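In what follows, one protein chain appears twice in different forms, each by itself as structure tokens: structure 1 and structure 2.
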Structure 1
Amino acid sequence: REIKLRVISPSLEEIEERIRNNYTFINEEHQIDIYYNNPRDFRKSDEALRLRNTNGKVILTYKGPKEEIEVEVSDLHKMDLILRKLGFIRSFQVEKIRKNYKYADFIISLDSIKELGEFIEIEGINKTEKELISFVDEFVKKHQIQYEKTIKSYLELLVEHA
């Protein structure tokens, strides 16, 4: 339903300048994800606990095996402090700056990931995998993008990077 590409060339700044006039800017998002482990390894039991802050909106999410439960939280640092006082340890942290542009029913996310680099994620609101692929093919062609396609999440890419 989405296509994520690591961008080798050109720069995200360069790519943003080319699509700036013809695309509709949505918003910019600053996001940090803090993952935790209970001292029942999440790696042992396929579970996850994540504190996410997106443009000031803080959410805590439990993920079950292959289920999600989410609550909004007033303060990321205090929730992180409470989790640490209860025995949970900070596992991985993912910091992202995302710029969202829109064209037709496609959302184009220019992602700058700390420690990881530059990515582009393209989403189709109600398109066929084939419709999504044709748009990505033309987008990558139109901007002469050298890419590396991945389906891994940014946490998976961070774990792979470590």
Structure 2
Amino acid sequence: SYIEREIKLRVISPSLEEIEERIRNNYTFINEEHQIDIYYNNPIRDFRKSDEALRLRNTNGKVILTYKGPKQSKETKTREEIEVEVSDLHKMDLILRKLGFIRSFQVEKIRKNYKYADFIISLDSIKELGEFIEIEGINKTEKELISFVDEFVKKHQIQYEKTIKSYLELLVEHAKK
């Protein structure tokens, strides 16, 4: 198991395209990912009450099953994460459903990944939710991440609102407004 530590920002200003223009010359483009995620629940453990997640992700055709444990921080999005690649999305979904998991909600996004000195900056355009940025740390501290996010938003004059809610939780908040 590994510990994912990331900070998610709802972008208010400017546009992500404008933000890419601003970072393009000092941040190294990695790739663009079209990610379609299916989330699952289990009738025994409410993954809403225990703060867990189960996801079957299709990212540019690669299929990834991920477990996410409860949040460990209130200042960043910090969770245990265990992932495996699987050979077939339909069959993995079928297995989960045969085992009694139920399909909950689906998240879809386009994500543009950049790299700047052990930090991954992901520009996310979320279907129905809007434009966000995530920053994840490789071999980093909560304090080192909070300081980089702060230098990042200010160097590129971004107006943002930080959150530790997941995209799944955010989507549900959005559906009923």
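Under this definition, the rigid core comprises the largest set of C-alpha atoms superposing within 1.5 Å between the forms. Sequence positions of structure 1, starting at 1, serve as the residue numbers.
- The Cα shift for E47 between structure 1 and structure 2, taken after rigid core superposition, is 2 angstroms or larger.
- Put simply, the small part of the chain turns as a rigid block by 30° against the big part between structure 1 and structure 2, using C-alpha fits.
- On rigid-core superposition between structure 1 and structure 2, the C-alpha of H77 is found to move 6.6 angstrom.
- Structural comparison between structure 1 and structure 2 after rigid-core fitting shows the C-alpha of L86 displaced 10.8 Å.
- For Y103, the Cα deviation between structure 1 and structure 2 after core superposition amounts to 0.2 Å.
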